[PDB]
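Only one chain comes next, encoded as structure tokens, the form solved without this ligand.
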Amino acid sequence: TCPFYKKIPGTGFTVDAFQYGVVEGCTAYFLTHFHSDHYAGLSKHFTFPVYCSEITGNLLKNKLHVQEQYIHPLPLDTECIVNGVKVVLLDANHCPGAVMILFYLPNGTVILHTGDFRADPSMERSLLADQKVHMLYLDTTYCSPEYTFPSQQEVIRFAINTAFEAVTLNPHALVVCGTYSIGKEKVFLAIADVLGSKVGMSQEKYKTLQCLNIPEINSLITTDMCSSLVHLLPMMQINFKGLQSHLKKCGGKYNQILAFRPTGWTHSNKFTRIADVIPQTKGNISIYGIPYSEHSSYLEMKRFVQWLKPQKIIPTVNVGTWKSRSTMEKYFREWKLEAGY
């Protein structure tokens, strides 16, 4: 059965609710982004209307085989009527095609569902500026002050300089980047660009990237591994065993691997600056864990919420324990008393 925080009161709408069977009274199913926890349950046998971005719609059709008649793509930044209710989709600054949804309820209440997001000050100059929000359904993944990490631009700076240095010292080094879902593509794209290479990958991953509307993509990626010195591999293979095994397959073209594991936050954030980061090393194999987040830091989240001044907050992440729920409610109250709403 569908939980409460995935229902939109006063509408026939649900958000990210495909794993519960047929939801009683749902006339339109919204999908915020193509991440498995959120799409869990969609397939070619789905026969209700799905509302989403163009990019999410490209991925439903080609990767999950959902039939075209049930895919309803909406443009961003545009007032649209769905089943008699005004909605807007806004860029979530999460992975490609990810959105927040503004719902204008028939009774005058305004609801923002963030999906998954990385709050940014640029959101304070979207269509959100214009009006009040009564309920916020908030991505609270990192809602605790210990959760700190750098900007995405600092992390990319570190990865580009690390890769360029290592391959300039050894032209026979191979760079490898881990992936398991969409998102974080700037990591491997930026490194390939500095090195003058295309990014090499499997047919399945190439298919996924071709759904993302990335400008000039055909110039940036390929399935011909031999011609590329930046390779993608599944995240589970980013370890000394998996990487050794991959170096054997390359036919004596390379004598070193430098690899990157983009993670979310890890506890080495609590001590080490991004500048000071070091790899794990065995022989001619080195592995860097880099904290490239597509979710808000605690400070980013707090800033966004203090600016929006919602009348009520409903968390959508970390809701399963009493301790987590109590912790999050305490921070929402400090934020509210500090800013005076």
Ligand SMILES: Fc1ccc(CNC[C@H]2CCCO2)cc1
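Sequential numbering from 1, following the sequence displayed.
FYI, the form deposited with this ligand bound isn't displayed, but the following is about it.
Visitor: Although the partner isn't part of this model, could you tell me whether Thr141 comes within 4.5 Å of this ligand in the entry with it bound, counting any heavy atom of the residue?
Guide: Judged by the heavy-atom cut-off of 4.5 Å, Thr141 is in contact with this ligand in the entry with it bound.
Visitor: Taking heavy atoms only, is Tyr104 within 4.5 angstroms of this ligand in the entry with it bound?
Guide: No - in the entry with it bound, heavy atoms of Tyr104 and this ligand never come within 4.5 Å of each other.
Visitor: When the contact criterion is heavy atoms within 4.5 Å, does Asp224 count as touching this ligand in the entry with it bound?
Guide: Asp224: no contact with this ligand in the entry with it bound.
Visitor: Taking heavy atoms only, is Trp265 within 4.5 angstroms of this ligand in the entry with it bound?
Guide: Because a heavy atom of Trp265 falls inside 4.5 Å of this ligand in the entry with it bound, the answer is yes.
Visitor: Which one of these stretches, 133-141, 226-234, 194-202, 156-164, sits within 4.5 Å of this ligand in the entry with it bound when only heavy atoms are counted?
Guide: Single hit among the candidates: 133-141.
Visitor: Does every residue of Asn58, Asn62 and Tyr206 put a non-hydrogen atom within 4.5 angstroms of this ligand in the entry with it bound?
Guide: No, none of the three is in contact.
Visitor: Between 314-341 and this ligand in the entry with it bound, list the residues on our side with a heavy atom within 4.5 Å.
Guide: Sequence-ordered list: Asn318, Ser324, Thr327, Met328.
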